[PDB]
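Numbers restart at 1 for each chain; the letters A, B, ... are given by sequence-line order, proteins then strands. Computation of the quantities below employed the complete heavy-atom set of this structure, encompassing side-chain atoms and omitting hydrogens, waters and symmetry-equivalent molecules.
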Amino acid sequence: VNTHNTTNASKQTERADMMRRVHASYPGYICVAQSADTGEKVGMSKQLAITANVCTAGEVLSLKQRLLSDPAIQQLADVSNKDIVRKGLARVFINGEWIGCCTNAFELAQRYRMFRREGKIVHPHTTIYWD
Amino acid sequence: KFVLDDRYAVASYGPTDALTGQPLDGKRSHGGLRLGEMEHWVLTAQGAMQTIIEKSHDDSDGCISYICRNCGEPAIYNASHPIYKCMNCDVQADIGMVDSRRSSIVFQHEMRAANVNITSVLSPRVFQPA
Amino acid sequence: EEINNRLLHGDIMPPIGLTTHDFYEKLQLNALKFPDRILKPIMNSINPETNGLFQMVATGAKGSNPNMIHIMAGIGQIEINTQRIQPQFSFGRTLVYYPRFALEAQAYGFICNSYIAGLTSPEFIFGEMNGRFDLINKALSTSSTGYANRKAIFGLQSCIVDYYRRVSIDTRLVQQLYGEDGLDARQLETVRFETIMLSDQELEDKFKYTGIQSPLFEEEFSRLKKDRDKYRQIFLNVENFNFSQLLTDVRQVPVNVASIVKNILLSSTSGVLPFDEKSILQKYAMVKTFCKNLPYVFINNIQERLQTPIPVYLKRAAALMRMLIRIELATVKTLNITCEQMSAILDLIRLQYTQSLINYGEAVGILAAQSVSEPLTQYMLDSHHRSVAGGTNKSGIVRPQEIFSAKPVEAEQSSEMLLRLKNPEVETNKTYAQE
Amino acid sequence: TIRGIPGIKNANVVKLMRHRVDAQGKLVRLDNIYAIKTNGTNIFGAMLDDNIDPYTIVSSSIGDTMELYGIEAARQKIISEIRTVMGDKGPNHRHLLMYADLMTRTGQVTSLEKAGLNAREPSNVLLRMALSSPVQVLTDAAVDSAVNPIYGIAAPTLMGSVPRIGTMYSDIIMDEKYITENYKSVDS
Amino acid sequence: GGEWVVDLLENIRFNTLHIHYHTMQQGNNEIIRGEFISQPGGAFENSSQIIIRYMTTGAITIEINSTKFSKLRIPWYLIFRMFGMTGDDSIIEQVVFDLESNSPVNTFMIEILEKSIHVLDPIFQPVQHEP
Amino acid sequence: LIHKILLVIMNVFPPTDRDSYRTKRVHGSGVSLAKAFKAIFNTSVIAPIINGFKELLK
Amino acid sequence: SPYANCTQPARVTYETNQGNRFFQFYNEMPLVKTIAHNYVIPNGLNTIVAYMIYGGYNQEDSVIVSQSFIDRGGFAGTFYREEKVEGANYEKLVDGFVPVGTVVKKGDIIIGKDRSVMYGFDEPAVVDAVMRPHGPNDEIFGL
Amino acid sequence: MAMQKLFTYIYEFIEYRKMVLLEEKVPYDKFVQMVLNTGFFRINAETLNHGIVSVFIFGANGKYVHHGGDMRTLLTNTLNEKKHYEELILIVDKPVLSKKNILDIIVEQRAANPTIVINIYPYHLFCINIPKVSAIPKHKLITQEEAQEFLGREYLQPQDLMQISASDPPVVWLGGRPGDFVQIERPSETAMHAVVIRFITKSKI
Amino acid sequence: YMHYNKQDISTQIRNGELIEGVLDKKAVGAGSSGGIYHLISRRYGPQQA
Amino acid sequence: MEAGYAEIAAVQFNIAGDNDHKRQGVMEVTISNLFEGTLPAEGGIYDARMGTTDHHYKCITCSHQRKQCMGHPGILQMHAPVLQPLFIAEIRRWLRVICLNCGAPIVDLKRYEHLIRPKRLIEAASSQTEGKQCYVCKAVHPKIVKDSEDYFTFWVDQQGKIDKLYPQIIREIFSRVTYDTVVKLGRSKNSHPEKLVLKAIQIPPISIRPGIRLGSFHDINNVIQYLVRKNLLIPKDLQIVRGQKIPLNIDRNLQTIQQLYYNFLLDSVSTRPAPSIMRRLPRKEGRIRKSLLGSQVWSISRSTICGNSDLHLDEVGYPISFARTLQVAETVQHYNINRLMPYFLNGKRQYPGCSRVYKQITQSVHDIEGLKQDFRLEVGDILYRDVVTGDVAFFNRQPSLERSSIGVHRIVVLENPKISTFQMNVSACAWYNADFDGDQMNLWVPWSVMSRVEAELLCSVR
Amino acid sequence: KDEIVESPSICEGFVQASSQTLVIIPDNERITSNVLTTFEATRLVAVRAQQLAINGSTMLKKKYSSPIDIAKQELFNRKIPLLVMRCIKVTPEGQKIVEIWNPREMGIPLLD
Ligand SMILES: [Mg+2]
Ligand SMILES: [Zn+2]
Ligand SMILES: [Zn+2]
Ligand SMILES: [Zn+2]
């Protein structure tokens with residue numbers, strides 16, 4: 001995996017090499033062992049972990065429709081910013097698109113995680129994140 | 001990495017750059033190897049100036065450039081075909097042969113192109129009191 | 001765990017100028033340090049006579065004690081910039097393997113295993129972070145040092161030693177005399193000066209000669225004491241305008257007079273010599289004349305023959321070697337040496353002094369640039385690991401750039417002052433100093 | 001400012017090792033000396049303060065030392081700061097001396113940047129052109145009709161000649177008197 | 001006449017807000033910056049990057065960054081007024097979600113938004129107060 | 001969006017981490033080839049549109 | 001790498017940090033195999049290594065090798081370089097493309113298009129295939 | 001307090017110049033009161049050449065250091081006095097040196113009287129015994145004859161020596177003027193002693 | 001934790017004769033200021049060293 | 001006649017006017033036809049009078065081959081004047097100091113005498129001047145505006161009326177200035193503003209633009225040819241008057257010519273395939289840092305370094321093949337003949353041998369293999385023999401961060417044909433900070449007597 | 001009559017440096033070291049070796065087969081026919097003040 005996008009810009013040499021750290025998010029996805037001075041690159045290149053894979057585009061429309069039909073999801077028109085702030089509603093996003101609101105974020109996230117585990121309503125390769 | 005691929009040795013003669021007159025770069029081009037400015041710094045620190053002459057003038061680009069003492073501008077001198085001419089002074093020309101490098105000649109020609117006149121003040125002649 | 005239990009009950013009260021989190025981190029870092037006793041088991045499981053690894057480490061051939069303690073008996077706490085593993089993964093988390101706001105030491109980079117025992121996944125990950133940090137710092141320091149080296153070389157290269165052994169650029173003087181002694185860096189040896197630390201009574205006992213009643217030896221002892229006083233004054237003053245410079249009796253000199261005297265004595269067949277007033281007086285006179293003519297090393301031998309005036313700065317340059325010759329060729333120290341042996345000793349001293357001078361076409365500027373640039377990489381690594389200091393941002397090339405770029409006071413960081421108390425009587429009380 | 005010396009963020013107490021000559025003339029290294037280490041530099045304020053001895057104020061700031069004390073104090077401070085930066089495995093003192101002397105030869109502390117080079121060697125057009133900004137330096141030299149003597153390393157190098165240092169510093173001339181008495185002409 | 005491999009390239013996530021302290025800038029009024037590379041549908045459709053800058057002058061500006069409107073630091077309330085918003089109270093509500101609430105966050109945000117409203121952009125000044 | 005940015009100004013939330021892989025993606029050869037094809041095919045569609053447009057007028 | 005958790009891989013490279021196809025006849029499975037070798041073909045040999053000081057010829061990361069180990073074919077193979085794109089020179093055996101199996105020395109011209117392609121590499125080479133395919137435009141192509 | 005140190009050390013500076021006071025010394029409280037009421041304090045001294053040197057100590061806040069007109073009037077009236085002036089020393093607060101108008105007044109007065117030396121200095125120069133500071137090497141002024149002999153021996157021109165500003169605190173205390181040579185006895189670690197000679201150049205401001 | 005032989009703990013060479021001790025990085029090591037090679041260079045020249 | 005040995009003691013930089021170009025140039029470009037047949041077209045931009053790039057045709061001016069001719073400048077007579085790209089700023093300053101109707105300055109020259117000479121003009125220009133009235137003439141100085149679109153166009157704004165200051169008007173304005181004004185403003189007599197407008201430009205010597213192809217596509221030659229063509233398009237002796245209107249096509253052509261000159265000199269230079277003369281100098285790849293400081297050299301080898309416990313600290317092991325490649329030049333004399341005869345007889349068949357013999361009477365280098373039987377080694381000839389054990393060689397490792405990075409080692413030739421590495425004692429590595437982990441090193445054997453002496457006596461690793 | 005200015009060529013305003021006079025300091029007034037520096041000894045040996053390569057006539061009685069050895073032994077035996085000129089000053093009046101040193105009467109440094 002190459003990060004040459006940064007290399008194109010006139011980024012500081014010290015800053016660029018600074019990016020070659022091992023980050024706390026790498027484990028399980030990017031090999032943490034060093035390049036072993038392979039010589040193909042100074043080290044800007046990184047290798048995927050043994051079990052790491054890359055997900056392909058899912059069916060966002062089906063999940064969006066399912067969420068809209070879900071009783072917990074409230075459409076943006078129905079909710080009011082004052083209602084969101086006061087009643088403690090939770091914003092719901094799909095691919096960064098704010099589709100609606102929810103009363104309890106944790107319950108919705110857990111329910112859709114269960115649906116994913118069943119593997120019928122939700123595809124296994126869909127990320128569900130609760131902040 | 002194999003030693004046979006990494007090694008390289010070159011003799012006096014080989015391809016030369018058209019512009020600077022220096023050896024072509026690298027082994028792929030069958031040219032010479034580079035003595036960067038760090039090597040020049042080290043050689044200067046050791047005081048090795050005859051080595052610097054041998055490497056950067058004889059082995060690298062090296063040329064006798066003729067400069068008119070009267071005006072300090074490059075002149076025309078050819079011994080085989082008799083030519084002793086200065087465009088500026090005409091008569092009163094006093095040609096002197098300085099040792100230089102084709103790279104420096106190209107550098108001075110580039111500077112002159114930009115309408116920057118370069119006058120070289122040749123070292124004065126010195127005579128015994130006699 | 002005791003520190004953590006204190007944290008849960010809120011007992012930790014940080015001192016002035018430190019937050020609770022910073023004090024807790026410092027306490028945890030201090031608590032997790034390995035003791036020296038960790039080396040007891042290691043030395044109990046190895047036979048020094050027949051252990052290759054230990055023999056390599058101890059003899060200095062390769063390795064170090066920390067390497068042995070990491071290979072066997074545990075790596076211990078991992079430190080980056082003198083700090084534990086910061087929670088980068090998430091708010092209050094260091095890795096996916098530990099809970100938010102974890103309290104155990106293992107969650108912040110404490111390795112209880114050794115390389116031989118084997119490292120678990122989090123321990124391996126933390127070690128990987130530390131090693132990659134070392135590599136990245138090394139690369140950054142190399143790049144910065146190369147940049148500063150190019151700039152310094154082009155800023156200093158014009159300085160060349162001339163026929164007066166001065167340093168000048170296009171005849172404009174940079175130094176009146178190269179190095180302030182006019183010597184080559186490769187022609188110096190460290191020699192100890194005996195009279196620096198001696199007391200007045202000790203100096204008199206060890207150096208005053210009483211065999212002959214002539215006032216010449218009184219003059220010699222007076223010269224010794226005067227030179228000692230000059231050295232003491234100059235170097236105390238030197239230590240008074242530096243943060244931590246300390247007076248030292250060892251100095252780098254071009255000639256080791258003591259070694260020459262010892263070698264001549266060793267090859268001397270006469271061994272112990274009888275008493276001869278004429279020989280003693282002649283030796284003293286020869287030593288005095290040699291000391292007087294010493295500055296003529298820089299000037300010709302012709303001028304020495306003509307006894308022309310000597311510039312002041314050349315006398316100052318020769319002062320240190322004059323002092324060393326006085327100390328090491330004193331009458332008490334040269335009693336079993338004949339006049340011929342003394343003449344040979346003086347000739348050898350002069351020859352070595354002339355051979356130790358700097359040449360007349362040296363590009364001293366490039367030498368200085370290279371010498372000052374080389375240690376900068378290691379300085380960058382050490383300064384990066386110097387972040388422990390609080391309130392001063394000396395990390396990186398910040399301070400070398402401040403020095404070389406002549407940044408104004410406003411742009412300076414990590415500025416400091418050392419202030420001494422008004423009188424030498426109240427400076428030994430800590431409460432007054434704190435007040 | 002309610003109290004204290006402006007510019008001094010913090011002030012801690014430190015222990016100092018200092019040599020001193022006692023009544024007997026012996027040089028003893030006193031270890032129980034207490035001094036104050038500050039987090040900011042203000043030499044003038046420290047001088048004004050009565051509790052602090054004003055003749056032994058040490059500051060790590062080269063600019064403040066140059067302002068308050070002078071060029072020689074600035075040179076000594078440059079030496080000390082470079083030595084501190086060097087570390088344990090520092091170079092010989094003469095290289096630090098060279099740095100400080102070059103940086104302070106004009107009566108003011110000049111940097112090693114291109115500005116310092118311009119301040120120290122304004123007429124060396126070729127050297128400054130070699131370091132950086134060839135076009136701007138060339139334009140300025142042409143406008144000002146600068147005359148550059150050929151000295152140092154960069155100037156002869158850019159002109160194709162070899163520097164006159166090292167083995168070429170001193171001229172060699174033939175001994176006519178010796179040869180005319182010892183050697184014979186090829187024709188003769 | 002050769003073998004070539006198009007290596008996987010790492011890029012920034014899309015439809016997500018990236019907030020960067022632009023301290024690297026030299027003598028720049030901007031103190032923080034917010035990038036939002038918006039993209040509809042799949043990964044092959046056109047994407048537009050909106051940059052939200054907060055300056056030392058106190059003005060929040062938005063740059064569409066498309067060929068059109070490129071390098072234009074449009075004040076945010078201008079954008080709000082164009083699309084239908086009429087009152088400044090509603091405009092501030094869209095950001096704070098509540099004007100009645102007295103939480104310190106709300107008050108500080110309202111103060112910043114006032115300072116951004118009143119400050120006069122060198123460009124768009126004539127239009128600034130236009131109803 | 002503005003609200004979030006303001007929260008960072010107040011120091012309530014820290015600035016986004018660039019190195020973190022939560023906000024990163026790994027695009028294969030498809031995306032790069034698609035971009036190159038976009039540029040080249042746009043050029044090759046501009047080239048005939050002017051040529052055809054000029055020809056029809058004539 | 002086996003027992004990677006028992007080594008600190010960065011410090012291994014800390015000294016080494018910063019700074020045409022070979023076909024090897026013989027390869028063997030490592031005596032201490034890892035999972036990674038269930039998915040890649042091992043390339044190397046189980047060499048008998050002695051950890052000792054023998055004459056100081058293996059210092060500073062140097063290694064002393066057995067001449068017989070080299071002769072027996074250990075780490076021996078074929079390096080392939082393709083002149084697919086294509087003074088005093090031989091020209092005698094060029095015959096257009098030279099016959100296969102002919103030693104090519106420095107200076108001799110590999111192909112003759114006077115137009116010819118000289119051999120610059122100092123190491124001698126042997127012609128493997130002189131087959132000439134057809135270029136993209138049907139022009140004569142040399143492989 | 002700067003005023004206390006200035007009062008203590010200005011007379012030490014006068015003594016270090018081998019000068020003799022022409023008026024009796026006043027007490028510190030009166031000195032402060034004069035500085036406040038009049039805005040300046042005047043000290044007159046006589047050199048060995050019988051030239052008169054006047055030192056003006058200006059308060060931090062005052063009409064002279066704020067409006068150029070009063071400073072111009074004061075300087076013009078002072079210089080017109082029948083006393084044979086060798087130098088005028090004006091001690092001001094540091095930011096006063098950064099005010100253009102005052103500096104233009106000083107430059108104009110210098111131009112109007114080429115034969116008089118007019119210098120304006122900060123407080124910090126005279127708030128301590130400069131020569132006694134440990135960090136400052138020992139400076140001395142060498143006569144033109146010794147400098148000429150040294151240059152002739154060394155085959156040097158005055159422009160080839162290292163330059164030292166005429167307003168360097170040690171040089172200010174010494175009293176050297178531009179075109180003079182100062183010998184400095186440096187303490188060095190490579191060699192215990194060292195001697196250098198520096199050429200005095202124009203004073204900043 | 002170790003037993004040291006009384007002869008090894010100190011290195012003493014007198015007039016080129018190794019009276020006592022062991023040679024290691026301190027004496028013969030590279031970069032060792034004051035080592036035997038430094039003294040050999042000082043007394044007899046770098047080539048002899 | 002002979003040219004005596006000489007050295008350069010100083011270099012003087014100055015602004016080159018059109019007079020300098022006319023005097024120095026050896027020809028005038030008149031046609032845009034690049035080539036006539038194989039030989040360069042006479043009167044074009046590749047005229048042989050300006051130098052030779054190819055071996056077949058020699059320099060007409062000095063009768064030298066591609067080597068030994070430095071390039072010989074040419075001229076191009078511009079039908080309309082063009083401003084100097086490198087001094088545009090200077091021109092602006094002058095326009096802000098001197099009256100546009102007469103030559104007298106509008107500023108007081110005595111307010112800047114105290115300032116040091118270089119800064120006088122800059123300070124004077126910095127002063128506001130719009131609306132100031134000239135003392136000698138009633139004309140009031142207008143504002144001078146620099147066009148933002150380009151780096152050379154100037155406008156004059158007088159009471160709200162804007163006009164374009166064409167190069168001819170600027171030249172006429174500057175020609176009215178007096179040398180006294182130039183001197184009083186800190187500039188020298190050679191920096192008179194009048195020469196800031198060029199009627200004839202210098203076509204650079206062929207040597208600096210050897211991209212001519214006998215008869216990519218991006219070169220300075222293309223720019224020069226385009227400039228010549230567009231200049232030919234301009235009407236000859238075009239006269240431009242203050243306030244006069246110009247045909248739009250003529251104005252466009254003049255702007256094109258000025259922009260072509262500006263791009264030829266200062267394109268893509270701090271204020272991709274854009275050739276410019278002044279972009280050659282800067283950067284690590286530029287002329288100064290890549291060609292002048294540092295160089296490529298012949299007679300040099302590079303190889304991997306390994307260890308050898310049987311080599312002294314001042315010896316280096318050299319492969320036999322490299323010894324046969326690199327050579328040492330020995331001048332045959334009455335004392336070398338006996339020692340050099342075995343080298344000559346061995347030739348290229350045995351070791352030690354030789355490669356070439358430079359015969360002085362013929363002044364020619366002959367390869368030993370092709371040497372005739374009658375050929376003999378004679379006094380004055382130079383024999384290039386192989387490197388033998390005992391020779392001295394410079395050994396270097398990069399980066400060269402210390403003065404010991406380059407050392408001189410005695411050559412020990414390893415006659416084993418299977419060894420191809422530079423073998424050194426391990427204890428020597430401390431000089432170069434090297435390890436036998438794949439580190440490579442350069443090695444070159446001096447061949448001249450002076451260099452060999454210097455290497456043996458001064459640069460020895462001892 | 002207003003006068004226009006045409007800039008003359010730079011060459012016209014250029015005046016070549018006037019010839020200098022060699023001022024040899026008297027033997028007794030020399031102040032430069034009487035011991036050859038390593039640079040000076042190396043330069044002397046190199047120049048003598050090159051001139052030996054040009055012309056083989058040598059004063060040394062012993063016979064050597066290399067110019068370098070002949071030059072080295074000439075320097076050591078004090079038979080080298082070259083002189084060392086040390087340029088001290090170049091005065092503006094047009095004088096080159098130099099010191100002439102005889103290698104045969106000078107001290108020789110450690111070249112090996
Ligand atoms: Mg290595
Ligand atoms: Zn001429
Ligand atoms: Zn020619
Ligand atoms: Zn007018």
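Between B:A75 and B:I95, the closest heavy-atom pair is CB-CD1, 3.4 Å.
Below 30°, between 30° and 60°, or above 60°: for B:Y84 and B:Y77 the angle between ring planes is above 60°, a perpendicular geometry.
For B:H57, the side chain to side chain donor-acceptor pair (under 3.5 Å) criterion is met by no residue, not counting sequence neighbours.
Side-chain contact between B:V10 and B:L33 is absent, with no heavy atoms from C-beta onward closer than 4.5 Å. Side-chain contact between K:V98 and K:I100 is present, with heavy atoms from C-beta onward closer than 4.5 Å.
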(request) Decide side chain to side chain contact (heavy atoms under 4.5 Å, CB included) for B:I64 and B:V98; before the verdict, give the C-alpha distance in whole Å, the side-chain angles of both, and the deciding distance to 0.1 Å. (result) CA-CA 6 Å; B:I64 298 155; B:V98 316; over 6 Å; no

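Most heavy-atom pairs under 4.5 Å with chain K: of the set B:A130, B:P129, B:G47, this distinction falls to B:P129. Between chain K and the residues B:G72, B:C71, B:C68, the largest count of heavy-atom pairs under 4.5 Å involves B:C71.
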At a cut-off of 3.5 Å, what donor and acceptor atoms pair up between chain B and chain K?
{"unit_1": "B:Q50", "atom_1": "OE1", "unit_2": "K:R43", "atom_2": "NH1", "d": "2.8"}
{"unit_1": "B:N70", "atom_1": "OD1", "unit_2": "K:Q16", "atom_2": "NE2", "d": "3.3"}
{"unit_1": "B:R125", "atom_1": "O", "unit_2": "K:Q20", "atom_2": "N", "d": "2.8"}
{"unit_1": "B:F127", "atom_1": "N", "unit_2": "K:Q20", "atom_2": "O", "d": "3.2"}
{"unit_1": "B:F127", "atom_1": "O", "unit_2": "K:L22", "atom_2": "N", "d": "2.9"}

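More than 12 heavy atoms of other shown residues, nucleotides or ligands fall within 6.0 angstrom of atom CD1 in K:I24.
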